[PDB]
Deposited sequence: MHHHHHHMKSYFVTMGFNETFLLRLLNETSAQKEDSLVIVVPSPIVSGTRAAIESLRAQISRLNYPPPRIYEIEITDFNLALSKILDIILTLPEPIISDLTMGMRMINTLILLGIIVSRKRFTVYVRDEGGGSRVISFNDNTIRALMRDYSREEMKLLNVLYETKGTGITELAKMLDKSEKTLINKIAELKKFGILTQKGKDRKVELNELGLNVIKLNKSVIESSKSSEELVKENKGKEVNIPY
């Protein structure tokens, strides 16, 4: 089982879209946190959501209402929820109070739990961004000197084969193949070995470090 952790405003449709897109199971954990008191528009969205969840054999939601007056006091409550959720935690930040969505995102990140987050066009267009714990790990990681050298060669060549890459780095093909295998799992390159767009953002950050 996995989990869904979101907030809610007046429109339940983004959550139903999330649940559909990510193949929600009846056995998955769905938690929704809302500000207290729960205003009429939010109550109406929740009753509509519940009805549609029943029809669609989706996970029935556990709904918690919370005070949001201070970063750390609110984060504590958000963490109480997160540290109980089975992984990965799936979320969509398009709906509900900005302050609550911020706490949800930050809580998920500092929890070190596996996660996928979506953020859509709030006006109903088709554009969407998503990222996961691998994305953030890749960006937040402190790369070694030899790792940055390797990545920089891929950057400047727009990709190159193992044989050529091994000669430029003064490393054996065996050594390079193992290291490429590792970084491929880290999500920043593919294979001719090439950086992907996540790898290109790593290059940008590591220029900053240099």
Give the ranges of the deposited sequence, numbered from 1, for which the structure holds no C-alpha coordinates, in sequence order. 1 to 7, 199 to 203, 223 to 244
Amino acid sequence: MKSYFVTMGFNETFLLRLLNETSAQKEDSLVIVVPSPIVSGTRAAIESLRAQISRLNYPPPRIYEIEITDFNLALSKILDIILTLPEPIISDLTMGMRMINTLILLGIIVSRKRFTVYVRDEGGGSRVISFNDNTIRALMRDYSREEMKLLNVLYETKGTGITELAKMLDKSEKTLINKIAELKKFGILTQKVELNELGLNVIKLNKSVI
From here on, numbers count along this sequence of modelled residues.
Which of 52 to 60 and 161 to 169 has higher mean CA B factor, as the PDB entry lists it: 161 to 169
Comparing 182 to 190 with 18 to 26, which stretch shows the greater average C-alpha B-factor in the deposited entry? 182 to 190
Using the temperature factors in the entry, find which of 96, 107, 88, 124 has the highest value at its Cα atom. 124
Highest Cα B-factor in the deposition, which of 46, 176, 151, 33? 176
Taking the chain's C-alpha temperature factors as the reference, tell me which third residue 6 falls into: lowest, middle or highest. lowest
